[PDB]
Each structure stands twice: as C-alpha cells, then as structure tokens.
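**Student:** The following block contains the structure, expressed as structure tokens.
Cβ placement follows ideal geometry from the backbone for every residue including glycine, while neighbour counts extend to all protein chains displayed. Readers should treat all values here as calculations from the given coordinates under stated rules, not as data from a laboratory.
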Amino acid sequence: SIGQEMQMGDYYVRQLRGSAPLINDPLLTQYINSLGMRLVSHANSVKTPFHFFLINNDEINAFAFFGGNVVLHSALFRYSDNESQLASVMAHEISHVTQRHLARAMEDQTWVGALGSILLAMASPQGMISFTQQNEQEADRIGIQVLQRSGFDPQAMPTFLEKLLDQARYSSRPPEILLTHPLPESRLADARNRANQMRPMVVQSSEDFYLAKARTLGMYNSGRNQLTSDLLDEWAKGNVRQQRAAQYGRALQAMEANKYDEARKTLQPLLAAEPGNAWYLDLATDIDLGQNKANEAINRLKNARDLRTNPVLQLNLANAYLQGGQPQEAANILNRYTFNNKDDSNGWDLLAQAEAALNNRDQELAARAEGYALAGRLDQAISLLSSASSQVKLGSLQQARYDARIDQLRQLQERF
Amino acid sequence: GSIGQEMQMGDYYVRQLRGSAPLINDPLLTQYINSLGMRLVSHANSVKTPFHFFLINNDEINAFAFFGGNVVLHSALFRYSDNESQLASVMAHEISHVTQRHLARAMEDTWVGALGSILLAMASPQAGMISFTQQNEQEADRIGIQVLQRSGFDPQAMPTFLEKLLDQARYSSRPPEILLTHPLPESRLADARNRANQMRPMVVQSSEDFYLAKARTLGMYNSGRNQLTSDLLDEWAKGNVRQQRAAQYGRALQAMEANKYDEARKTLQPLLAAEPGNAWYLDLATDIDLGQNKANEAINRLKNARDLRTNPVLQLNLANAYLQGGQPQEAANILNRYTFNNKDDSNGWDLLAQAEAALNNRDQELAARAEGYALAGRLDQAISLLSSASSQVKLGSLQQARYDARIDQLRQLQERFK
Ligand SMILES: [Zn+2]
Ligand SMILES: [Zn+2]
C-alpha cells in the first residue's frame with residue numbers, strides 16, 4: 001500500500017543519512033526543498049509528501065524512490081546554467097514518483113536490502129538503477145508540464161538535455177546521469193518538440209538560485225565541484241543578481257581560508273543593501289564567530305526581521321548563543337526547533353551540545369539518540385534512551401517519555 | 001550636631017579607607033565579623049551610633065576605631081587569635097573606645113585630613129600614628145571585659161590575649177603595631193588578669209564560623225605572615241571536629257587557589273554532604289563549579305537553598321552564577337533588589353554593573369559603577385559617570401532627573417569636606 005512505501009522510504013532515507021555524504025547545510029536544504037515543493041505544488045496525482053536531498057558528489061546524477069524522496073547530486077549546480085534547468089531535472093524525478101515507475105519495476109520482482117544497497121551505491125561517490133525509454137518519455141512529458149505550471153522556462157528541459165548529450169555523445173563512458181536516465185536522440189527530439197509547442201517564457205533565475213550555486217560550489221568544495229574563479233569572474237560581468245552572488249562567493253572563500261577581516265569587508269556592501277537576507281546573515285555569523293565576536297553575532301541575529309519564522313536564522317542564533325556561553329538561551333530555541341523540525345539532525349546535535357553545557361545529561365542523551373535514529377542506527381539510539389530512562393525516577397513523566405520513544409524505535413526495527 | 005558630624009566624619013574616613021586601603025570585601029568574612037561585632041555592640045552601654053567592622057589585608061596586628069562606630073581590624077588578628085573569645089576581646093576593647101568617645105575627646109585639644117592620613121598609614125601595609133592614654137586603655141579593658149562577658153565569651157581570653165602580645169614584645173625585636181596604638185605595660189595586664197579572675201569561670205567554645213573565618217582569611221587572603229600553615233592545618237586535624245571541618249575547608253581552598261579544582265571539589269564534598277545548607281561551603285561549591293564552567297550546577301544548588309531570601313552571601317553567589325551562566329537578566333533581577341537593600345555594599349553594585357553591561361543598558365551600567373566609585377571616595381569620578389549616564393537619556397525623563405539628582409547628592413558630600 002501507500003503506508004508501506006512511505007515507511008520504506010523512511011528506511012532508505014535513514015541508511016542514506018548514515019553512510020552517504022549528505023549536505024546538511026540549512027540554507028541549501030531549505031532552498032532545494034523550497035524549489036522542489038514549488039514544483040510538487042503544480043504536480044498531479046501526488047499521493048505522498050516530498051523531500052529533496054543534496055549529496056556532495058561531483059558526478060552528476062539524480063534519482064528518486066518510495067515516499068517521494070528525491071536525491072540530487074551537488075554536481076547538478078555546476079551543470080545548471082539557470083534555475084529552470086535545475087528545476088527541469090527535479091520535475092523529471094518528481095514525475096518518476098507520481099507515475100510510480102520504480103514502484104512497478106519492483107512489483108514484478110532480502111529484496112529491500114538489495115535495492116537499499118543499490119541506492120546507497122548510486123549516492124556515494126565510490127548494479128545500478130536504470131529506467132526504460134517508456135518511463136523516460138513519460139517523465140519528460142509530464143515533467144515539462146509541471147515545470148510550466150510552476151512559472152519557469154519550458155525550453156530549459158531540452159537545452160539541458162542537449163547540453164548533456166552534446167558533451168557525452170562521444171564518450172566511451174558517459175556521466176552516470178545518462179545511465180540512470182538514457183538520452184537517445186529520439187527522446188531529445190520529442191523533448192524539444194513539446195517545448196516548442198507551448199508558449200515562450202523568459203524567466204530570470206531567482207536571486208536564491210545564484211547564491212545557492214555559489215555556496216554549493218564554495219563551501220562544499222570537493223574534486224571537480226570547486227567553484228573556479230572562472231565562474232566568479234564571469235558572474236562579475238553578468239546580471240545584477242549574478243554579480244552580488246559572485247561577491248558573496250568570494251566572501252565565502254575568504255571566510256573558508258580564515259581571512260575573516262577580508263570576508264567582512266567583502267560581504268560589507270551586500271549586507272547593507274539587504275540586511276534581512278538569510279544568506280548574508282548566515283555568512284555574517286560565520287565571520288563573527290571565527291573572530292571570537294559571539295556577542296556581535298547574537299545582537300545582529302536578535303534584530304533579524306524573520307528570526308521568529310526562518311529556521312536558518314534560529315539555528316544560527318542558537319549556535320551563536322552556544323559560542324557566546326549562553327547555553328540556556330540556545331536550549332530555549334533548540335527545544336522549540338527540534339519539535340518543529342523533527343527530522344533535522346542539525347537541530348538535534350545543537351540541542352545535545354546545549355544540554356551538555358547545561359549538564360542535563362538525560363536530556364543530552366535523548367537529543368543524541370535522535371541523531372543516531374535519523375542516521376539508521378536504531379540500536380544505538382535505543383541504547384542512549386535506555387541510559388536516559390535510567391537517570392529519571394521510576395514512574396516519572398520523563399521515564400514514560402523515554403520508554404515510549406524506545407517503543408517507537410523498537411517497533412520501527414521489527415518492520416524491517 | 002556632634003553625633004551628626006561624627007557620623008559623616010566617619011563616613012568620609014570610611015570612604016577614604018575603601019579607596020586606598022586593601023580591605024577584604026568578601027561576603028562571608030564581612031558578614032561574620034559584623035555579626036560578631038554587632039553581638040558585642042548589642043551588649044554595650046551607651047551606644048549612640050551604628051557600628052561597622054572592617055577587615056584589612058595586613059599581616060601586622062593592629063586594631064583601631066574612629067567616629068561613627070567604625071572599627072578597623074587587620075587580618076593578622078586571625079593569626080594571633082587562638083579562640084573566638086580572644087578576637088572578641090579585641091573588638092570589645094575597640095568598641096569601648098568608641099562608646100567612651102576616647103578618640104573624639106582626645107581631638108578637642110587641615111586637621112580633618114591630618115587624622116585621615118594617620119588612619120590609612122596604620123591600616124596600609126605601608127606605615128604618624130594615634131595613641132591612647134594608659135588611663136584610656138584601662139577604661140577600654142574595664143568596659144570591654146564586661147561587654148565580653150554579657151556576650152557569652154570567656155573573660156579570661158582578654159588577659160590571655162594580652163599576655164601573648166607581651167611574649168612577642170621582648171621575644172621579638174619588632175614591637176607589634178597594636179602595642180603602639182594600645183600600649184601594654186604590666187600594670188595594664190595585671191589589672192586585666194585581676195578583673196577576669198573576679199568574674200565567673202566560663203569555658204566557652206569557639207563557634208564553627210570562627211574557624212572557617214580563620215581558615216578563609218589566612219588561606220584565601222594570604223599575605224606575608226598571614227599564611228594558612230600546614231602545621232596549623234595538621235594541628236586542626238587533631239583538635240575538635242569543628243577544627244577538622246575547618247581544616248578540610250582550608251585545603252579545599254588552597255586546592256582551588258592552585259586551580260586543582262577536581263582535587264578541591266572532592267575534598268569539599270563530605271562537609272557539604274553533612275551541612276548542605278550553610279553558606280560557607282555553598283560559597284566555594286559555586287567557586288569550584290564556575291572554575292570549570294559548570295554554572296548551571298552552581299545555579300541549581302543555590303535555588304534549592306533554604307535561606308536565599310535572607311542571606312546576602314547566597315544572593316550574591318547566585319547573581320554571580322547567573323552572570324557566568326549567560327543569564328544577566330536573572331542576575332539583574334536579584335541585584336536591583338540587592339543593591340537597594342544594601343546600598344553600601346560595593347560587591348552588589350559591581351555585579352549590577354556587570355549585569356547591566358551584559359544587557360547593553362549603558363546608562364544603568366554607568367550609574368551602577370558610579371556607586372562603586374562613590375563608596376570609594378572617588379566622588380568626582382562618580383559624578384563623571386552619572387554625567388555620561390544623564391547624557392544618554394532624554395531630558396525631562398526620570399532617569400535624567402534621577403541621575404542628575406544623584407549628582408546633586410554627591411556634590412553635597414563633596415562640599416561638606418573642602
Ligand atoms: Zn528519468
Ligand atoms: Zn586600646
């Protein structure tokens with residue numbers, strides 16, 4: 001049924017988090033899910049919630065499985081020249097889910113672990129899923145309709161397809177994206193026709209896209225996924241959005257190289273123009289904490305317009321409280337945060353740090369258990385909660401909470 | 001008014017003392033010395049003024065007093081005092097100098113500053129000097145021994161303490177400074193021994209606060225001859241069990257002074273387990289806790305204290321714990337009420353300045369540190385801080401009216417004396 005594949009989707013996500021190199025950056029996962037949910041917002045026959053994961057892998061690839069869980073390799077940011085092309089890849093994956101392509105592929109079939117090991121191998125940088133040409137024809141047709149309803153450029157799908165074919169037509173070994181997603185000339189030709197058949201729409205990539213590209217290529221450096229100064233030199237001559245993102249990108253690398261004084265005055269003009277922008281506020285806290293100016297980072301975030309609504313600002317201020325020697329205030333935010341974002345391991349780890357500083361050990365063990373549960377290590381999480389349940393009085397409310405959560409984790413184990 | 005003049009003349013000298021002499025401003029020690037002193041004053045005859053008792057970080061033994069019931073005791077008194085009744089006899093002796101107005105009556109025969117310069121030279125480790133007539137010293141011993149007795153102390157402690165001063169006046173090349181302000185001829189002694197012999201025999205035990213005060217004074221405020229010796233600590237390890245808890249307390253202090261915090265925490269544990277509610281070990285229990293950045297643990301323990309509403313030592317200890325814990329507002333809630341209930345306590349104002357600074361309430365920070373400067377006799381500097389405070393608030397506001405009013409008060413204190 002649908003309840004099992006949502007539950008089986010959680011299982012694959014948990015072991016993905018436990019061993020694949022997922023990017024857990026607040027701004028990046030917030031952007032990619034915001035953009036992804038915007039596309040789900042205009043998709044048909046959606047029977048599941050949707051979540052979008054970002055993987056630090058310089059090999060371009062994209063795939064999805066049960067429970068509406070979409071996996072995107074970080075290399076997609078360097079291949080996507082505009083926001084509509086990146087969305088073109090997501091709408092393709094989203095359609096793979098609503099059509100239940102992999103689901104029916106696994107209805108004709110130790111079987112869950114066999115696919116879990118395959119999904120894990122596709123995600124890690126170092127037996128692979130492939131879709132039939134019929135599935136891929138449907139995924140482009142329905143995908144381009146989701147993409148037009150979402151207010152992007154329908155022509156971005158064929159230009160992207162032609163971009164990758166023009167680069168991989170001759171290669172002995174094409175990129176992994178074309179093994180999971182076979183792109184013959186026939187599929188490209190049909191993609192270009194349906195794009196030609198609808199209306200022309202020239203859309204500007206959102207500001208958030210260009211800075212997501214800069215941060216992805218900037219902070220999550222690795223291998224071919226460096227942001228060469230070639231792209232930053234080019235963005236310095238581009239449109240008003242690409243020049244700001246260019247200077248944000250080098251303020252980012254200045255902070256990466258501990259050039260904190262250089263980073264502040266480099267980020268200087270952008271923060272003055274948009275003092276309530278999360279990307280600029282996030283980077284400003286990194287620079288302030290790197291120079292042991294925790295108070296200055298706290299006061300800026302406390303005056304932030306949407307601190308009370310934006311999860312990126314809450315995490316930044318909670319961490320600044322910690323570095324500022326105010327664990328209690330950090331815990332007050334993180335206790336609210338971890339219940340508003342139960343699956344966010346950043347919240348759970350920071351709460352564990354706050355509870356350690358406060359010497360509330362059973363609450364620290366409880367927070368540490370969530371990080372282990374989300375990473376698929378259920379036995380270890382059960383172990384921590386058993387310790388937490390042993391440090392509270394028998395018959396106490398807290399003991400009933402820990403014992404009840406152990407039951408949930410234990411029951412989650414017996415399903416697999 | 002003579003009593004009015006004497007009380008503000010005393011306040012002027014007390015403010016000069018705070019600003020230049022090395023006073024011990026520790027809550028536990030000042031509360032003990034004044035609790036012991038007030039217990040003597042409450043049994044003294046013809047007390048016409050309040051009394052305050054001050055402690056100097058000075059290894060030279062001396063004691064003296066002046067107008068307004070202000071008596072000054074050097075920390076060396078804990079080195080010479082074998083029992084609480086001996087220390088009480090010195091304070092009873094000095095209390096009687098005030099009630100008899102000896103220093104006041106001696107001065108009826110530039111002059112306000114001439115006496116103040118003498119007072120600080122005797123208190124400072126950098127030593128004119130006042131002296132009383134041996135008639136005056138007889139009245140102080142005669143009246144002091146009766147205050148000593150009505151207060152429940154050993155009257156034989158006074159001659160016993162006088163004789164220990166004489167055995168160092170010839171078995172040592174240095175006459176202890178106390179014997180020069182308070183001269184001790186054998187007649188003075190034989191008169192004292194006779195009176196004590198004619199009162200009731202009384203064997204009294206030193207309070208447990210005395211040994212802890214003696215340990216903290218010599219251990220934490222060690223200076224020169226004022227040491228907490230291993231010979232005395234091991235001697236206290238054999239005496240009554242009060243001295244053993246005090247001896248354990250002293251090594252916990254020195255283990256903390258040398259930043260051996262876990263060694264100190266583990267030494268202090270058995271005394272805290274027996275007496276979980278007394279301020280002495282509670283005070284250091286937080287001190288070691290914050291030495292390891294465990295401020296929450298110090299806070300939780302002090303919120304569970306019985307007498308937090310009544311004991312200033314507990315109130316400051318928790319306010320300081322809130323500050324190190326990163327909750328300055330909870331510290332300010334305590335300190336705003338604390339400073340109002342103890343306006344002459346500079347520890348309270350300094351902590352309020354810290355709390356208001358951490359809250360970025362700059363005008364209130366300046367006003368809090370203004371009180372510290374006013375208590376230290378730095379009235380020009382206090383006025384400067386309140387001038388800055390008044391310049392950061394709108395005119396016509398009450399903050400401005402209140403800051404400017406406080407400046408007016410400090411100016412009156414200023415013009416009363418040159
Ligand atoms: Zn596909
Ligand atoms: Zn005398």
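**Student:** Of the residues A:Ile144, A:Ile129, A:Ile118, only one is touching a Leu at 6+ places or on another chain (Cβ under 8 Å) and either under 19 Å from A:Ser19 (Cα atoms) or away from ligand 2 (no atom under 16 Å from the Cβ) (or both); which?
**Tutor:** Among A:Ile144, A:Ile129, A:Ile118, only A:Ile129 is touching a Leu at 6+ places or on another chain (Cβ under 8 Å) and either under 19 Å from A:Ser19 (Cα atoms) or away from ligand 2 (no atom under 16 Å from the Cβ) (or both).
**Student:** Another one. Answer yes if at least one residue in the stretch A:104-111 is among the acidic types (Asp, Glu), over 25 Å from A:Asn196 (Cα atoms) and over 22 Å from the mean Cα position of the chain (by Cα), and no otherwise.
**Tutor:** Yes.
**Student:** Cβ-Cβ under 9 Å, sequence separation 6+ or interchain: first residue in the stretch A:169-180 and among the hydroxyl-bearing types (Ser, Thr, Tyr), partner within 12 Å of ligand 1 (Cβ to nearest atom) and part of a loop (DSSP other than H, G, I, E, B). Which pairs?
**Tutor:** Pairs found: A:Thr180/A:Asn61; A:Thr180/A:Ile129; A:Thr180/A:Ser130; A:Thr180/A:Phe131.
**Student:** Next up: Could you go through the stretch A:74-85 and let me know if any residue there is over 22 Å from the mean Cα position of the chain (by Cα) and either farther than 30 Å from A:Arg415 by Cα or not hydroxyl-bearing (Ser, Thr, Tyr) (or both).
**Tutor:** No, that holds for no residue.
**Student:** Here is a further query. Of A:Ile118, A:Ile94, which residue is on the phi < 0 side of the Ramachandran plot, in contact with a strand residue (DSSP E or B) (Cβ under 8 Å, 6 or more places away or on another chain) and assigned to a helix (DSSP H, G or I)?
**Tutor:** A:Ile94
**Student:** If you scan the stretch B:362-396, which residues turn out to be farther than 16 Å from B:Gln409 by Cα, surrounded by fewer than 17 Cβ atoms within 10 Å (Cβ to Cβ) and of a type in the set (S, T, N, Q)?
**Tutor:** Passing the criteria: B:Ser388, B:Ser391, B:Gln392.
**Student:** For the stretch B:132-139, does any single residue satisfy the condition of being near ligand 2 (Cβ under 10 Å from one of its atoms) and assigned to a loop (DSSP other than H, G, I, E, B)?
**Tutor:** For the stretch B:132-139, residues near ligand 2 (Cβ under 10 Å from one of its atoms) and assigned to a loop (DSSP other than H, G, I, E, B): present.
**Student:** From the residues in the stretch B:52-67 that are touching a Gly at 6+ places or on another chain (Cβ under 8 Å) and crowded, with 22+ Cβ neighbours inside 10 Å, which one is nearest to B:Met220 (Cα to Cα)?
**Tutor:** Among those residues, the one meeting the criterion is B:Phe53.
**Student:** To continue, here is another question. Does B:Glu108 meet the test of being more than 16 Å from ligand 1 (Cβ to nearest atom), of a type in the set (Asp, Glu) and touching a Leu at 6+ places or on another chain (Cβ under 8 Å)?
**Tutor:** No.
**Student:** Could you list, in sequence order, all residues of the stretch B:32-84 that are under 17 Å from B:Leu228 (Cβ atoms), assigned to a helix (DSSP H, G or I) and of a type outside the set (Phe, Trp, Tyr)?
**Tutor:** Of everything in the stretch B:32-84, those that are under 17 Å from B:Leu228 (Cβ atoms), assigned to a helix (DSSP H, G or I) and of a type outside the set (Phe, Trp, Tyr) turn out to be B:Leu77, B:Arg79.
**Student:** So which residues in the stretch B:143-200 are in a loop (DSSP other than H, G, I, E, B), more than 25 Å from B:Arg101 (Cβ to Cβ) and under 24 Å from the mean Cα position of the chain (by Cα)?
**Tutor:** Of everything in the stretch B:143-200, those that are in a loop (DSSP other than H, G, I, E, B), more than 25 Å from B:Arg101 (Cβ to Cβ) and under 24 Å from the mean Cα position of the chain (by Cα) turn out to be B:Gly152, B:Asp154, B:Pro176.
**Student:** Quick one: A:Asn292 ticks every box in (1) assigned to a helix (DSSP H, G or I); (2) away from chain B (no Cβ under 14 Å) bar one, so which box is it?
**Tutor:** (1)
**Student:** Any residue at all in the stretch A:76-83 that's among the basic types (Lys, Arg), more than 14 Å from every other protein chain (Cβ to nearest Cβ), more than 16 Å from ligand 2 (Cβ to nearest atom) and closer than 26 Å to A:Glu207 by Cα?
**Tutor:** Yes, there is a match, as at least one residue in the stretch A:76-83 is among the basic types (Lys, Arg), more than 14 Å from every other protein chain (Cβ to nearest Cβ), more than 16 Å from ligand 2 (Cβ to nearest atom) and closer than 26 Å to A:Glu207 by Cα.
**Student:** Moving on to the next point. So how many residues does the stretch A:251-275 have that are assigned to a helix (DSSP H, G or I) and at positive phi?
**Tutor:** Matching residues across the stretch A:251-275 total 0.
**Student:** Please report, ordered by residue number, the helices (runs of 4 or more DSSP H) entirely within the stretch B:330-404 with at least 3 residues that are more than 24 Å from B:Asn25 (Cβ to Cβ).
**Tutor:** It comes to B:379-390.
**Student:** Tell me, which residue of the stretch A:201-219 that is surrounded by fewer than 18 Cβ atoms within 10 Å (Cβ to Cβ) and part of a loop (DSSP other than H, G, I, E, B) is nearest to ligand 2 (Cβ to nearest atom)?
**Tutor:** Looking at the filtered set, the residue picked out is A:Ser206.
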